[PDB]
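In what follows, every heavy atom counts, from backbone to side chain, and hydrogens, waters and symmetry copies are set aside. Numbers restart at 1 for each chain; the letters A, B, ... are given by sequence-line order, proteins then strands.
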Amino acid sequence: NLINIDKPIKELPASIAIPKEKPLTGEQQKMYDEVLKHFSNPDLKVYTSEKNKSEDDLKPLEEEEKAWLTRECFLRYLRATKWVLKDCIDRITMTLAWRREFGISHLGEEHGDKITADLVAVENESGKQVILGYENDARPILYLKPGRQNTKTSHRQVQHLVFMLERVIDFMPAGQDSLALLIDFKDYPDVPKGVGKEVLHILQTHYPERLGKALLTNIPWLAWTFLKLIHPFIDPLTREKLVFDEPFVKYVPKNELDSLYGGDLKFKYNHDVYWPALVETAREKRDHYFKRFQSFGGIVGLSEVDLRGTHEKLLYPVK
Amino acid sequence: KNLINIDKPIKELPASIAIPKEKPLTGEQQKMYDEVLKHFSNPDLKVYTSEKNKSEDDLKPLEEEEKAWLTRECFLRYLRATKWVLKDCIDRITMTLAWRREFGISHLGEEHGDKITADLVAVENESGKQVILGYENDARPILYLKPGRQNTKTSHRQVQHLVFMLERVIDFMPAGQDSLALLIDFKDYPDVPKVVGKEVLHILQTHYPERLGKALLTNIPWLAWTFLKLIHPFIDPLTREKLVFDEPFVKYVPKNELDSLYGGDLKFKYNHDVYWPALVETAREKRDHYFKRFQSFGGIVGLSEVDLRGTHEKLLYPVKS
């Protein structure tokens with residue numbers, strides 16, 4: 001039953017359906033239109049930095065930034081800000097600024113991103129993070145294996161994290177915009193061997209509505225006890241995202257899941273095979289996305305369903 | 001400099017720490033309190049002899065020591081924890097009585113026949129991984145937990161030890177207070193020689209309602225810290241408020257009531273042959289007083305811990321009868 005695999009799975013298989021989008025209410029539609037109008041302003045200028053935000057340094061949206069400002073981008077921020085228009089606009093604006101500051105505002109090193117595959121590659125050499133497979137709801141899977149840590153604490157560790165989040169996002173199927181994390185806390189002895197605050201700020205400020213599901217395994221009994229103690233007091237919606245003490249096959253198809261966790265995929269991390277495959281696959285996805293964006297006028301507010309798809313006519317025409 | 005050398009628990013709340021005032025009950029809360037009281041004052045009442053082996057065919061009346069545990073404040077702890085739902089309150093109190101029987105702590109002390117004795121669990125404390133010491137700003141007694149000082153293998157005795165110390169910190173409550181403060185230090189202590197989870201969870205979530213007044217956390221591993229910070233915005237405000245981290249502990253505890261390791265004035269070194277007998281004796285003396293007071297006031301269900309733990313001659317909370 002085992003399937004030997006050493007590279008990311010490039011497409012969502014036909015056997016996993018795309019879940020239907022939660023419908024907008026009439027009023028939600030009206031403030032969506034307000035966010036679109038704000039960011040479609042041809043004269044709009046936004047900050048060039050978050051940590052060094054200055055009212056004296058503002059620059060218009062580049063082509064690649066317009067491609068990031070999608071229908072679904074607006075919706076992620078609208079949901080995250082509980083549909084408060086000013087908070088939504090302010091949040092999108094500060095993420096645009098942070099993406100500039102951080103070196104990822106260009107949708108790929110091929111458009112000038114300072115954060116490159118070469119810069120962060122060494123961080124993945126022990127396979128502490130792996131993009132592989134899709135779950136029941138068509139979310140791409142990112143494995144985090146902190147016990148396979150291979151490098152000293154540094155800001156390159158943060159850059160590596162953001163790079164992979166950006167790549168797992170590249171892997172979203174048309175019609176899905178959240179990911180699933182699979183976190184294995186087991187220590188791996190076979191692997192030899194400020195940042196915390198920065199990682200926290202990025203995760204809570206600049207990736208709204210990305211966490212679809214977090215599957216936790218090999219939790220140390222003490223942390224587990226504290227998790228269980230706190231669990232009844234977590235809000236129901238956040239509560240539902242966390243999975244522990246359950247078979248991962250309840251949430252992931254067997255042929256999409258590492259065999260270490262009950263699945264059918266026999267995966268061994270081989271850097272010189274996996275890494276070029278990941279980088280190339282994501283690059284191909286970006287190229288397609290950006291080519292679609294240009295073919296549809298290169299405007300703000302296009303849908304990721306259209307940008308990541310191949311249909312000739314738009315599913316979500318703008319205005 | 002201003003360090004105070006101490007090696008034993010502090011026996012009394014100092015006069016410099018005020019006892020927080022108790023918020024009055026509404027007329028409706030009073031009526032339902034009276035209902036709980038009526039239920040447990042029933043002379044014919046019989047209760048399960050076990051929780052894990054609960055059986056409708058094995059029920060026994062309340063012993064004298066159990067009546068002494070069924071205080072006004074016990075009722076109130078359960079009423080608050082059950083969100084003032086009477087049936088849930090009565091059911092929960094009942095199952096804790098059963099569990100206390102099963103576990104070996106139904107008698108308010110080894111001196112009344114408890115299977116859980118100081119001797120049984122003493123070895124679990126030899127490295128000082130748990131310490132009862134001092135009182136915080138709201139007069140809560142302080143229990144230090146130092147998981148990095150673990151000195152024993154995983155076993156049911158570790159659970160017994162945990163319960164024993166919770167019961168002791170409860171013995172240390174000042175009259176007028178019934179919650180404790182936990183101070184948890186996650187640092188690894190190498191110089192303590194390197195050498196169930198479900199049971200501990202069940203006990204903490206089922207049989208100690210409304211005991212956690214404050215949890216002060218320190219030396220948290222950065223990864224666990226990150227997960228704590230990520231989940232924090234989604235924890236209900238009431239529980240959120242109980243947790244303190246990345247704050248000076250002197251904000252929550254007087255300096256002369258706090259271990260110097262955490263910014264306090266108390267230079268504490270754990271010395272088992274000094275600390276342990278002092279703890280045991282102090283708690284014992286507190287139990288003796290409480291139970292003597294209970295007997296002096298008729299030995300009935302529903303007496304107030306403020307009265308049982310005090311010395312005033314006349315009852316502040318006479319029982320409705």
Side-chain angles (χ1 to χ4, degrees), chain A residues 5-8 102-103 115-132 141-168 179 181-203 214-224 226-227 244 248 258-261 265-279, chain B residues 146-150 185-195 217-230:
Chain A
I5 188 166
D6 56 9
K7 288 176 290 281
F102 196 86
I115 304 300
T116 65
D118 276 343
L119 177 72
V120 303
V122 62
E123 298 284 342
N124 218 250
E125 283 179 356
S126 66
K128 75 197 178 210
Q129 316 219 46
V130 178
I131 292 164
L132 178 67
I141 299 159
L142 175 62
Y143 294 77
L144 313 187
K145 301 173 195 174
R148 303 188 66 86
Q149 183 56 267
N150 65 326
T151 62
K152 87 189 198 300
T153 290
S154 69
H155 161 180
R156 192 182 61 197
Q157 286 184 337
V158 184
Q159 298 169 323
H160 170 244
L161 178 61
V162 170
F163 185 87
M164 70 188 73
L165 292 175
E166 288 295 305
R167 305 292 68 79
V168 74
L179 61 94
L181 293 176
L182 206 155
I183 313 187
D184 184 356
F185 292 100
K186 187 169 198 189
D187 184 50
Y188 289 90
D190 41 307
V191 178
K193 228 35 197 187
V195 163
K197 288 189 174 171
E198 177 179 3
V199 166
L200 184 72
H201 183 74
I202 290 162
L203 296 182
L215 277 55
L216 320 172
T217 195
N218 292 322
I219 310 163
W221 83 266
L222 193 61
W224 179 92
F226 284 112
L227 175 58
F244 50 94
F248 289 175
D258 194 316
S259 69
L260 299 160
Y261 315 107
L265 298 186
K266 182 67 171 169
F267 177 81
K268 180 173 29 170
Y269 191 80
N270 178 352
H271 193 60
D272 290 329
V273 173
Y274 181 91
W275 188 259
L278 174 63
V279 166
Chain B
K146 304 171 186 181
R149 304 189 62 85
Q150 183 57 264
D185 179 357
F186 291 101
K187 174 174 198 166
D188 183 65
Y189 290 93
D191 303 336
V192 171
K194 313 184 89 40
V195 286
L217 317 177
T218 190
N219 292 325
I220 308 164
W222 83 266
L223 199 64
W225 177 90
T226 308
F227 289 107
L228 173 58
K229 297 281 299 187
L230 285 169

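Of the listed residues (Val279(A), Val168(A), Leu278(A)), just one forms a side-chain contact (heavy atoms from CB on, under 4.5 Å) with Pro8(A), and that residue is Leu278(A). In summary, of the residues considered (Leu200(A), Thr153(A), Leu161(A)), a side-chain contact (heavy atoms from CB on, under 4.5 Å) with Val195(A) occurs for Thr153(A) alone.
Summarising the geometry, atom OH belonging to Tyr274(A) is positioned 5.0 Å from atom CD1 belonging to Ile131(A); distances are rounded to the nearest 0.5 Å. Taken to the nearest 0.5 Å, the OG atom of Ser259(A) stands 11.5 Å off from the NZ atom of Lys268(A). One finds the CG atom of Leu227(A) at 7.0 Å from the CG atom of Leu216(A) (value rounded to the nearest 0.5 Å). Taking CD1 of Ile220(B) as the start and NZ of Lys187(B) as the end, the distance is 14.5 Å to the nearest 0.5 Å. To the nearest 0.5 Å, the span separating CZ on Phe248(A) from OG1 on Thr217(A) amounts to 4.5 Å. Taken from OG in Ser126(A) to NZ in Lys145(A), the straight-line distance is 9.5 Å, to the nearest 0.5 Å.
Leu119(A) is linked by a side-chain contact (heavy atoms from CB on, under 4.5 Å) to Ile115(A), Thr116(A), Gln159(A), counting only residues two or more places apart in sequence or in another chain. Checked against ring pair (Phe, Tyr, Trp, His ring centres under 6.0 Å), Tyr189(B) has no partners two or more places apart in sequence or in another chain. Contacts of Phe102(A) classified as ring pair (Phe, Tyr, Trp, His ring centres under 6.0 Å), with partners at least two apart in sequence or in another chain: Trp98(A), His155(A). Remark: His271(A) engages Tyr269(A), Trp275(A) in a ring pair (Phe, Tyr, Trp, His ring centres under 6.0 Å) (not counting sequence neighbours). Residues satisfying the side-chain contact (heavy atoms from CB on, under 4.5 Å) criterion with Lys197(A), sequence neighbours excluded, are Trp225(B). Every residue two or more places apart in sequence or in another chain that forms a side-chain hydrogen bond (donor to acceptor under 3.5 Å, both in side chains) with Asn218(A) is listed here: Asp184(A). Residues passing the side-chain hydrogen bond (donor to acceptor under 3.5 Å, both in side chains) test with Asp258(A), sequence neighbours excluded: none. For the salt bridge (charged side-chain N to carboxylate O under 4.0 Å, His left out) test, no residue two or more places apart in sequence or in another chain qualifies with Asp272(A). Scanning for side-chain hydrogen bond (donor to acceptor under 3.5 Å, both in side chains) contacts around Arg167(A) gives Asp170(A), with sequence neighbours left out. A search for side-chain hydrogen bond (donor to acceptor under 3.5 Å, both in side chains) contacts involving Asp188(B) returns nothing, not counting sequence neighbours. Applying the side-chain contact (heavy atoms from CB on, under 4.5 Å) test to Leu181(A) and every residue at least two apart in sequence or in another chain returns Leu142(A), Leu144(A), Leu179(A), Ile183(A), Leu211(A).
Nearest heavy atoms, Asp190(A) versus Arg148(A): OD2-NH1, 3.5 Å.
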Candidate pair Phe185(A) and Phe244(A), rule ring pair (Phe, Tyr, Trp, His ring centres under 6.0 Å), full reasoning: CA-CA 12 Å; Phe185(A) 292 100; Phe244(A) 50 94; over 10 Å; no

Kindly determine whether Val273(A) and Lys7(A) satisfy side chain to side chain contact (heavy atoms under 4.5 Å, CB included), including the steps that lead there. CA-CA 7 Å; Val273(A) 173; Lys7(A) 288 176 290 281; 3.8 Å; yes

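Side-chain atoms of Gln157(A) come within 3.5 Å of backbone atoms of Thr151(A) as a donor-acceptor pair (strictly under, hydrogens ignored). Without hydrogens or angle criteria, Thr226(B) side chain to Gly196(A) main chain gives no donor-acceptor distance under 3.5 Å. At least one donor-acceptor pair under 3.5 Å links the side chain of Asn150(A) to the backbone N or O of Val122(A).
Contacts classified as salt bridge (charged side-chain N to carboxylate O under 4.0 Å, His left out) and involving residues 151-163 of chain A (residues at least two apart or in different chains) are given here: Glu123(A)-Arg156(A).
In this structure, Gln150(B) and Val192(B) have side chains that are not in contact, with every pair of non-hydrogen atoms separated by 4.5 Å or more.
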